[PDB]
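K.L.:
A single structure is presented below for examination.
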2 protein chains.
Amino acid sequence: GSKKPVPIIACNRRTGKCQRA
Amino acid sequence: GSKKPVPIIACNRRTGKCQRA
């Protein structure tokens, strides 16, 4: 999670964290 | 878009699609 290459975010199966694209 | 290995979904940067984990 640093820049916003896309509007819609996306989460992942780790510990509860998402990001852009 | 077939199996849900995780509750929180994630939208990829393509054309407006998401998935689980």
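As shown in the structure tokens, the chain order sets the letters A, B, ...; within each chain, residues go from 1, and ligands are also counted from 1 in the order they appear.
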Determine, using only C-alpha atoms, which residues of chain A have any atom at most 8 Å from an atom of chain B, and tabulate each with its shortest atom pair and distance in Å to one decimal place, rows ordered by chain and then rising number, as a Markdown table.
P.N.:
| residue | atom | partner | partner_atom | distance |
| --- | --- | --- | --- | --- |
| A:6 | CA | B:13 | CA | 6.3 |
| A:8 | CA | B:11 | CA | 6.4 |
| A:9 | CA | B:11 | CA | 6.1 |
| A:10 | CA | B:10 | CA | 3.7 |
| A:11 | CA | B:10 | CA | 4.6 |
| A:12 | CA | B:21 | CA | 4.8 |
| A:13 | CA | B:21 | CA | 4.9 |
| A:18 | CA | B:10 | CA | 7.8 |
| A:21 | CA | B:13 | CA | 4.8 |
K.L.:
Could you write out the selected residues, including N, CA, C and O atoms, as a PDB file, in the first residue's frame?
P.N.:
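Listed below is the output, again14.pdb:
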ATOM      1  N   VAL A   6      -5.365   2.518  -8.917  1.00  0.00           N
ATOM      2  CA  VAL A   6      -6.759   2.270  -9.270  1.00  0.00           C
ATOM      3  C   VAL A   6      -7.698   2.755  -8.171  1.00  0.00           C
ATOM      4  O   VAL A   6      -7.341   2.808  -6.993  1.00  0.00           O
ATOM      5  N   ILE A   8     -10.971   1.430  -7.295  1.00  0.00           N
ATOM      6  CA  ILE A   8     -11.491   0.306  -6.526  1.00  0.00           C
ATOM      7  C   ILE A   8     -10.373  -0.415  -5.781  1.00  0.00           C
ATOM      8  O   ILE A   8      -9.351  -0.770  -6.368  1.00  0.00           O
ATOM      9  N   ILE A   9     -10.576  -0.630  -4.485  1.00  0.00           N
ATOM     10  CA  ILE A   9      -9.586  -1.313  -3.661  1.00  0.00           C
ATOM     11  C   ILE A   9      -9.785  -2.824  -3.702  1.00  0.00           C
ATOM     12  O   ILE A   9     -10.766  -3.316  -4.256  1.00  0.00           O
ATOM     13  N   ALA A  10      -8.846  -3.554  -3.108  1.00  0.00           N
ATOM     14  CA  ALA A  10      -8.920  -5.010  -3.073  1.00  0.00           C
ATOM     15  C   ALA A  10      -8.280  -5.561  -1.804  1.00  0.00           C
ATOM     16  O   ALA A  10      -7.155  -5.202  -1.457  1.00  0.00           O
ATOM     17  N   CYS A  11      -9.005  -6.436  -1.113  1.00  0.00           N
ATOM     18  CA  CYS A  11      -8.508  -7.036   0.120  1.00  0.00           C
ATOM     19  C   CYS A  11      -7.801  -8.358  -0.166  1.00  0.00           C
ATOM     20  O   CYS A  11      -7.870  -8.883  -1.277  1.00  0.00           O
ATOM     21  N   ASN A  12      -7.123  -8.890   0.845  1.00  0.00           N
ATOM     22  CA  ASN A  12      -6.403 -10.151   0.703  1.00  0.00           C
ATOM     23  C   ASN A  12      -6.605 -11.034   1.932  1.00  0.00           C
ATOM     24  O   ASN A  12      -7.010 -10.557   2.992  1.00  0.00           O
ATOM     25  N   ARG A  13      -6.318 -12.323   1.780  1.00  0.00           N
ATOM     26  CA  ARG A  13      -6.468 -13.272   2.876  1.00  0.00           C
ATOM     27  C   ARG A  13      -5.169 -13.397   3.669  1.00  0.00           C
ATOM     28  O   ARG A  13      -4.409 -14.348   3.488  1.00  0.00           O
ATOM     29  N   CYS A  18      -6.255  -4.406   2.854  1.00  0.00           N
ATOM     30  CA  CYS A  18      -6.538  -4.259   1.431  1.00  0.00           C
ATOM     31  C   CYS A  18      -5.612  -3.225   0.797  1.00  0.00           C
ATOM     32  O   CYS A  18      -4.681  -2.736   1.437  1.00  0.00           O
ATOM     33  N   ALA A  21      -6.107  -1.684  -6.539  1.00  0.00           N
ATOM     34  CA  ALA A  21      -5.858  -2.596  -7.649  1.00  0.00           C
ATOM     35  C   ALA A  21      -5.407  -3.963  -7.145  1.00  0.00           C
ATOM     36  O   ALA A  21      -5.209  -4.159  -5.945  1.00  0.00           O
TER      37      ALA A  21
END
K.L.:
Would you return as JSON, numbers by chain the members of chain B that DSSP assigns to strand (DSSP E or B) on this structure's backbone?
P.N.:
{"B": [9, 10, 11, 12, 17, 18, 19, 20]}
K.L.:
How about saving the chosen residues, N, CA and C atoms kept, as an mmCIF file, in the first residue's frame?
P.N.:
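Once everything was written out, this is selection30.cif:
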data_model
loop_
_atom_site.group_PDB
_atom_site.id
_atom_site.type_symbol
_atom_site.label_atom_id
_atom_site.label_comp_id
_atom_site.auth_asym_id
_atom_site.auth_seq_id
_atom_site.Cartn_x
_atom_site.Cartn_y
_atom_site.Cartn_z
ATOM 1 N N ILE B 9 -13.634 -9.986 -0.014
ATOM 2 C CA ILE B 9 -13.328 -10.084 -1.437
ATOM 3 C C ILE B 9 -12.349 -8.995 -1.865
ATOM 4 N N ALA B 10 -11.918 -9.055 -3.120
ATOM 5 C CA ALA B 10 -10.984 -8.071 -3.654
ATOM 6 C C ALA B 10 -11.273 -7.782 -5.123
ATOM 7 N N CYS B 11 -11.372 -6.499 -5.460
ATOM 8 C CA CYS B 11 -11.646 -6.088 -6.831
ATOM 9 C C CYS B 11 -10.351 -5.776 -7.575
ATOM 10 N N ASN B 12 -10.139 -6.461 -8.694
ATOM 11 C CA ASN B 12 -8.939 -6.258 -9.499
ATOM 12 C C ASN B 12 -9.102 -5.056 -10.424
ATOM 13 N N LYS B 17 -14.160 -6.131 -11.782
ATOM 14 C CA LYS B 17 -14.379 -7.492 -11.309
ATOM 15 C C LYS B 17 -13.673 -7.726 -9.977
ATOM 16 N N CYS B 18 -14.242 -8.605 -9.159
ATOM 17 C CA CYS B 18 -13.667 -8.921 -7.856
ATOM 18 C C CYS B 18 -13.713 -10.423 -7.592
ATOM 19 N N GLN B 19 -13.164 -10.834 -6.453
ATOM 20 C CA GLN B 19 -13.141 -12.244 -6.082
ATOM 21 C C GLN B 19 -12.800 -12.413 -4.605
ATOM 22 N N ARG B 20 -12.853 -13.652 -4.129
ATOM 23 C CA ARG B 20 -12.552 -13.948 -2.733
ATOM 24 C C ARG B 20 -11.056 -14.176 -2.537
#
K.L.:
Report, to one decimal in Å, the C-alpha RMSD of chain A against chain B after an in-order least-squares superposition over all those atoms.
P.N.:
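My reading of the C-alpha RMSD is 0.4 Å.
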